[PDB]
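J.: Before I ask anything, let me first share the structure, which is written out below as structure tokens.
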Amino acid sequence: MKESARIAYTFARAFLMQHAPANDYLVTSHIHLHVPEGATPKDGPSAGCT
Amino acid sequence: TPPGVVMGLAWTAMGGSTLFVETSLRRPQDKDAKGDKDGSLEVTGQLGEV
């Protein structure tokens, strides 16, 4: 899940640069996140697109 | 055979077979361009011990 999350953060920064260049949060802003638990780890990246 | 995959013979428990072993990047290199942290490998495919 952390690999999915770091991949998510990276693609989020890149996509925001592609779509809203003026926006500057993700490039230079710390962000707490929380994913509710319950899902089995093998399916756990299923939420990554979310 | 796109680069990063290679074919290989294997003696499966019933008969021979032709594997195509896969090898590809799992996460972008750029933790930081200056980063010295090693790229530890992470095998998959139900590794045993040997």
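Every chain in the structure tokens has a letter given in the order shown (A, B, ...), and although residue numbers restart at 1 in each chain, ligands are simply numbered from 1 in the order shown.
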Give me, as a count of residues only, the residues of chain B touching chain A, with the criterion being at most 9 Å (counting only C-alpha atoms).
T.: 3
J.: Running DSSP on the backbone, which parts of chain B land in strand (DSSP E), as a list in words?
T.: residues 5, 6, 7, 8, 9, 10, 11, 16, 17, 18, 19, 20, 21 and 22 of chain B
J.: In Å, with one decimal, what is the gap from CA of residue 44 in chain A to CA of residue 8 in chain A?
T.: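 Result for CA of residue 44 in chain A versus CA of residue 8 in chain A: 13.5 Å, one decimal.
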